[PDB]
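Quick look at input_34.cif (mmCIF, C-alpha atoms and all ligand atoms):
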data_upload
loop_
_atom_site.label_atom_id
_atom_site.label_comp_id
_atom_site.auth_asym_id
_atom_site.auth_seq_id
_atom_site.Cartn_x
_atom_site.Cartn_y
_atom_site.Cartn_z
CA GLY H 42 0.05 -18.08 14.06
CA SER H 43 -2.23 -18.37 11.11
CA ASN H 44 -1.91 -14.69 10.05
CA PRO H 45 0.03 -13.97 6.84
CA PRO H 46 2.23 -10.98 6.38
CA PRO H 47 -0.03 -8.05 5.56
CA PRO H 48 -0.30 -6.79 1.98
CA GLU H 49 2.65 -4.62 0.98
CA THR H 50 2.16 -0.90 1.36
CA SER H 51 5.41 0.11 -0.38
CA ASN H 52 7.64 -1.55 -2.91
CA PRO H 53 11.09 -0.58 -4.16
CA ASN H 54 10.58 -1.20 -7.89
CA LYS H 55 6.84 -0.52 -8.37
CA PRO H 56 6.55 2.93 -9.90
CA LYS H 57 4.87 5.53 -7.69
CA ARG H 58 2.57 8.42 -8.51
CA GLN H 59 0.16 11.03 -7.20
CA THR H 60 -2.74 11.96 -9.49
CA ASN H 61 -5.73 14.25 -8.83
CA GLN H 62 -7.85 11.05 -8.80
CA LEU H 63 -5.60 9.42 -6.19
CA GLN H 64 -5.74 12.64 -4.10
CA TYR H 65 -9.55 12.49 -4.33
CA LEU H 66 -9.46 8.85 -3.22
CA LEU H 67 -7.43 9.70 -0.08
CA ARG H 68 -9.01 13.05 0.81
CA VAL H 69 -12.68 12.28 0.03
CA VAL H 70 -13.38 8.55 -0.48
CA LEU H 71 -11.09 6.94 2.12
CA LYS H 72 -11.71 9.87 4.47
CA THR H 73 -15.48 9.41 4.40
CA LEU H 74 -15.33 5.63 4.78
CA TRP H 75 -12.57 5.73 7.45
CA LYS H 76 -14.60 7.86 9.83
CA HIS H 77 -17.84 5.92 9.34
CA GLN H 78 -19.26 4.09 12.39
CA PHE H 79 -18.78 0.75 10.64
CA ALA H 80 -15.17 1.34 9.35
CA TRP H 81 -13.34 -0.08 12.30
CA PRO H 82 -13.26 -3.80 11.50
CA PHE H 83 -11.90 -2.79 8.06
CA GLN H 84 -9.20 -0.40 9.36
CA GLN H 85 -6.64 -3.18 9.62
CA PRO H 86 -6.10 -6.69 8.22
CA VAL H 87 -8.35 -9.46 9.41
CA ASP H 88 -6.71 -10.94 12.57
CA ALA H 89 -7.56 -14.59 12.14
CA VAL H 90 -5.63 -15.39 15.33
CA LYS H 91 -7.50 -12.84 17.53
CA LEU H 92 -10.85 -13.68 15.92
CA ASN H 93 -10.29 -17.42 16.23
CA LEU H 94 -10.97 -17.87 12.54
CA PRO H 95 -8.22 -20.23 11.61
CA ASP H 96 -9.69 -20.89 8.13
CA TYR H 97 -9.93 -17.21 7.05
CA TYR H 98 -6.61 -17.23 5.14
CA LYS H 99 -7.32 -20.70 3.79
CA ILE H 100 -10.35 -19.26 2.03
CA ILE H 101 -9.26 -15.66 1.35
CA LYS H 102 -6.04 -15.56 -0.67
CA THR H 103 -6.19 -11.91 -1.78
CA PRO H 104 -6.81 -10.07 1.51
CA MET H 105 -7.35 -6.34 1.67
CA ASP H 106 -8.37 -3.76 4.20
CA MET H 107 -8.65 0.02 4.48
CA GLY H 108 -5.57 0.36 6.66
CA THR H 109 -3.59 -1.07 3.80
CA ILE H 110 -5.35 1.15 1.25
CA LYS H 111 -4.76 4.26 3.42
CA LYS H 112 -1.02 3.48 3.72
CA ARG H 113 -0.78 2.74 -0.02
CA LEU H 114 -2.35 6.14 -0.80
CA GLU H 115 -0.14 7.97 1.70
CA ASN H 116 2.93 6.22 0.37
CA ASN H 117 1.99 6.89 -3.37
CA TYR H 118 2.17 3.12 -3.85
CA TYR H 119 -0.38 3.25 -6.64
CA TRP H 120 0.22 4.44 -10.18
CA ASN H 121 -3.45 5.02 -10.87
CA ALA H 122 -6.85 5.29 -9.28
CA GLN H 123 -8.11 2.03 -10.80
CA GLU H 124 -5.60 0.06 -8.69
CA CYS H 125 -7.02 1.64 -5.53
CA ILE H 126 -10.60 1.12 -6.58
CA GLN H 127 -9.69 -2.52 -7.17
CA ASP H 128 -8.37 -2.82 -3.58
CA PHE H 129 -11.64 -1.46 -2.17
CA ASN H 130 -13.64 -3.94 -4.29
CA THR H 131 -11.41 -6.81 -3.17
CA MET H 132 -12.03 -5.80 0.47
CA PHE H 133 -15.76 -5.87 0.02
CA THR H 134 -15.82 -9.08 -2.08
CA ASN H 135 -13.69 -10.91 0.41
CA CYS H 136 -16.10 -9.99 3.22
CA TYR H 137 -19.10 -11.22 1.17
CA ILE H 138 -17.36 -14.47 0.25
CA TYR H 139 -16.12 -15.41 3.68
CA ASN H 140 -19.14 -14.41 5.76
CA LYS H 141 -22.86 -15.22 5.44
CA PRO H 142 -25.64 -12.75 4.62
CA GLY H 143 -27.05 -11.18 7.80
CA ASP H 144 -23.72 -11.49 9.65
CA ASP H 145 -23.17 -8.06 11.17
CA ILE H 146 -19.89 -7.71 9.23
CA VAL H 147 -21.73 -8.17 5.96
CA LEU H 148 -24.23 -5.41 6.86
CA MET H 149 -21.31 -3.14 7.79
CA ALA H 150 -19.58 -3.87 4.46
CA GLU H 151 -22.86 -3.20 2.56
CA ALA H 152 -23.24 0.25 4.21
CA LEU H 153 -19.63 1.15 3.51
CA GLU H 154 -19.88 -0.10 -0.07
CA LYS H 155 -22.99 2.07 -0.75
CA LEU H 156 -21.09 5.10 0.41
CA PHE H 157 -18.01 4.06 -1.55
CA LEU H 158 -20.09 3.76 -4.76
CA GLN H 159 -21.62 7.21 -4.19
CA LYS H 160 -18.20 8.82 -3.69
CA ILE H 161 -16.75 6.93 -6.67
CA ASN H 162 -19.52 8.38 -8.90
CA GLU H 163 -18.08 11.88 -8.36
CA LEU H 164 -14.47 10.81 -9.18
CA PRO H 165 -12.80 13.85 -10.89
CA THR H 166 -10.69 14.15 -14.04
CA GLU H 167 -14.10 15.04 -15.57
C1 LIG O 1 -13.73 -7.34 7.99
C2 LIG O 1 -13.94 -8.81 8.21
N1 LIG O 1 -14.19 -9.62 7.16
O1 LIG O 1 -14.43 -10.93 7.66
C3 LIG O 1 -14.31 -10.83 8.97
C4 LIG O 1 -14.43 -12.10 9.80
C5 LIG O 1 -14.03 -9.54 9.35
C6 LIG O 1 -13.86 -9.05 10.64
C7 LIG O 1 -12.87 -8.14 10.98
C8 LIG O 1 -12.72 -7.64 12.28
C9 LIG O 1 -13.63 -8.03 13.26
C10 LIG O 1 -14.65 -8.93 12.93
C11 LIG O 1 -14.83 -9.38 11.63
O2 LIG O 1 -15.55 -9.29 13.92
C12 LIG O 1 -15.81 -8.30 14.96
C13 LIG O 1 -16.63 -7.17 14.37
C14 LIG O 1 -17.82 -7.85 13.61
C15 LIG O 1 -19.03 -8.17 14.29
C16 LIG O 1 -19.01 -6.99 13.56
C17 LIG O 1 -14.59 -7.80 15.50
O3 LIG O 1 -14.48 -7.40 16.66
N2 LIG O 1 -13.51 -7.58 14.64
#
Just dump the structure as structure tokens.
Amino acid sequence: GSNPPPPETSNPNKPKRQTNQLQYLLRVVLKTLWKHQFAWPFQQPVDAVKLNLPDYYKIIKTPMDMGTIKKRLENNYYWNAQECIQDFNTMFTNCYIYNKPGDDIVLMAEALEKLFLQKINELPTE
């Protein structure tokens, strides 16, 4: 039972907002990554129990996944786009820290991150 609670996707006191940038993040960035062939392992938290990776949450203390990001965006959890961008970067970084280069998961993260960076370059409010 080595899985933590997942990251919060709502919070009573944290102020909530919808900006054009946050709409772009849900409707274009998340949408393109979510439907990518390599999205699926990132669509929910890492299941250290199911994967038999009992040390995952010993090593990764700031977990993040796209399921979480998607719910945060749908819930207007974020105040600004930078918060969301930060979550995507945390997701990628965690994957690169925990796994070794040439692991399939790392190659999947690299392909998603390329696409992420391309979509982030067109972020509106321009
Ligand atoms: C994402 C992620 N970051 O570190 C690890 C470990 C994962 C991870 C998440 C889900 C799965 C996983 C790795 O292994 C396989 C998929 C990977 C082999 C590609 C699986 O079925 N689910």
(request) Between CA of residue 160 (chain H) and CA of residue 129 (chain H), measure the distance and give it in Å to one decimal. (result) 12.3 Å
(request) For CA of residue 138 (chain H) and atom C10 of ligand LIG 1 (chain O), quote the distance in Å rounded to one decimal. (result) 14.1 Å
(request) Please identify all polymer residues lying at most 10 Å from the point (8.4, 4.9, 0.9) (file coordinates), using only C-alpha atoms, and present the result as JSON, numbers by chain. (result) {"H": [50, 51, 52, 53, 57, 112, 113, 115, 116, 117, 118]}
(message) If I take CA of residue 139 (chain H) and CA of residue 69 (chain H), how far is one from the other in Å, to one decimal?
(response)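 Going from CA of residue 139 (chain H) over to CA of residue 69 (chain H), I get 28.1 Å.
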(message) Can you pull out every residue with an atom within 10 Å of ligand LIG 1 (chain O)? Use all atoms listed in the file and format it as number ranges by chain.
(response) H: 79-89, 91-94, 97, 101, 104-107, 132-141, 144-150
(message) Let me make sure I understand: among H:161, H:59, H:49, H:66, which one has the smallest atom-to-atom distance to residue 109 (chain H) if we use only C-alpha atoms?
(response) H:49
(message) as an MDAnalysis selection string, please: the residues near residue 121 (chain H) (cut-off 9 Å, all atoms listed in the file, same-chain neighbours under 3 positions excluded).
(response) chainID H and resid 57:60 62:63 124:125
Please enclose the listed atoms of region 149-156 of chain H in an axis-aligned box, pad each side by 3 Å, and write out the centre and the three edge lengths in Å, rounded to one decimal, as JSON.
{"center_x": -21.4, "center_y": 0.6, "center_z": 3.5, "size_x": 9.7, "size_y": 15.0, "size_z": 14.5}
(message) For a quick check of understanding, using all atoms listed in the file, which of H:90, H:61, H:78, H:67 has the smallest distance to residue 45 (chain H)?
(response) H:90
For residue 74 (chain H), please output as a PDB file with C-alpha atoms, keeping the file's coordinate frame all residues within 8 Å (counting all atoms listed in the file; exclusion window: fewer than 3 positions along the same chain).
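So the final result, stored in result_22.pdb, reads:
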ATOM      1  CA  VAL H  70     -13.380   8.550  -0.480  1.00  0.00           C
ATOM      2  CA  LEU H  71     -11.090   6.940   2.120  1.00  0.00           C
ATOM      3  CA  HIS H  77     -17.840   5.920   9.340  1.00  0.00           C
ATOM      4  CA  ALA H  80     -15.170   1.340   9.350  1.00  0.00           C
ATOM      5  CA  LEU H 153     -19.630   1.150   3.510  1.00  0.00           C
ATOM      6  CA  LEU H 156     -21.090   5.100   0.410  1.00  0.00           C
ATOM      7  CA  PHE H 157     -18.010   4.060  -1.550  1.00  0.00           C
TER       8      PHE H 157
END
(request) For each of H:99, H:131, H:165, H:119, take the minimum atom-to-atom distance to residue 55 (chain H), counting all atoms listed in the file, then give the residue where this is smallest. (result)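 Closest residue, counting all atoms listed in the file: H:119.
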